[PDB]
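The chain below stands alone and is given in structure tokens; this is the form deposited in one PDB entry.
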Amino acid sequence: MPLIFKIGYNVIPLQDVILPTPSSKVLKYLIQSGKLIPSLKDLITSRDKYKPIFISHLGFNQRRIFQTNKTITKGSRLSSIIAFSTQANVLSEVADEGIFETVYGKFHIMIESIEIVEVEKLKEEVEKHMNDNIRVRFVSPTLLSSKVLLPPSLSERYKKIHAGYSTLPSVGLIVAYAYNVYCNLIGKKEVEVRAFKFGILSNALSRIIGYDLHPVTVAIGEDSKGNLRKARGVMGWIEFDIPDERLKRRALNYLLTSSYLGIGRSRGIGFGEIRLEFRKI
């Protein structure tokens, strides 16, 4: 019943431009003004935990434009991806092959790809990867709060203290996040304990085969006057396996969903973009 649309955009600037932080802001404007698919306003303004919307950074060459600082200054073939779920017909809108104008300047947007999938059909994919090593690549700065794997019982005890991010991703944190997102996506509540136990159990019984990670500092804007805001997250890749069949299946399932909506905080602004890959033994 619920399903995900992942649309691949081609964005070209006409003049030379300095992109804001984060770079996804441009497209947000197109939504926040009802220039591109307005039926997302609520979703883009939403403050609900683990909301099912992902608006990626633009990416030049085979990379997503890193921030922390400066400019592109050149009309070129930029890339974008937007992923989401909701009962509102997106197929009615989309289109748009001409140019648009923002407070950030003039852009020409196109569509390169359309992918639509129903979340229950991805369970079909899972079975063909039950003998693969799972490699998760963080193609954008990924922010994983540690408290996510805190026992729900002590939630109020440490409710005030902000422990910050685990810039070193455990398997359990990744699958716990994937689970939370999946869960909010398919409209299942009171799930804290299932999430907690899933994460703990998963990284207690996971085998980490290889990895190449690096901590990065991400800038996320100013707001309001006169501040300036910025976090620490992770980038790179990680390859692991879960010898338990049931655990592996659940994990693969949730992970496939995150392969569209992203992982960790705060996917709503382009963070936590991931690519899923596999290897045979």
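In this text, the rigid core denotes the largest set of C-alpha atoms whose superposition between the two forms falls within 1.5 Å. Each residue number is its position in the shown sequence, starting from 1.
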Between residue 69 and residue 70, the number of deposited residues left without coordinates comes to 1 to 3
The stretch carrying the higher mean Cα B factor in the deposited entry, 31-39 or 247-255, is 31-39
Comparing mean C-alpha B factor in the record for 89-97 and 188-196, the higher one is 89-97
Residue set 84, 179, 104, 165, per-entry CA B-factor max assigned to 104
From 139, 109, 149, 143, the top C-alpha temperature factor is at 109
Residue 222: CA temperature factor from the record, placed by chain third, in the highest
Binned into thirds over the chain's modelled residues, the C-alpha B-factor of residue 13 lands in the highest
Assert third(CA B-factor, residue 121) within chain per record equals highest
Of the three thirds of Cα B-factor ranks in this chain, residue 153 occupies the lowest
Residue 234: CA temperature factor from the record, placed by chain third, in the lowest
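Keep in mind that the form deposited in another entry is not shown, yet the notes after this line are about it.
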Shifting its Cα by 2 Å or more between the shown form and the other one with the rigid core aligned, the only one of 94, 191, 209, 168 is 94
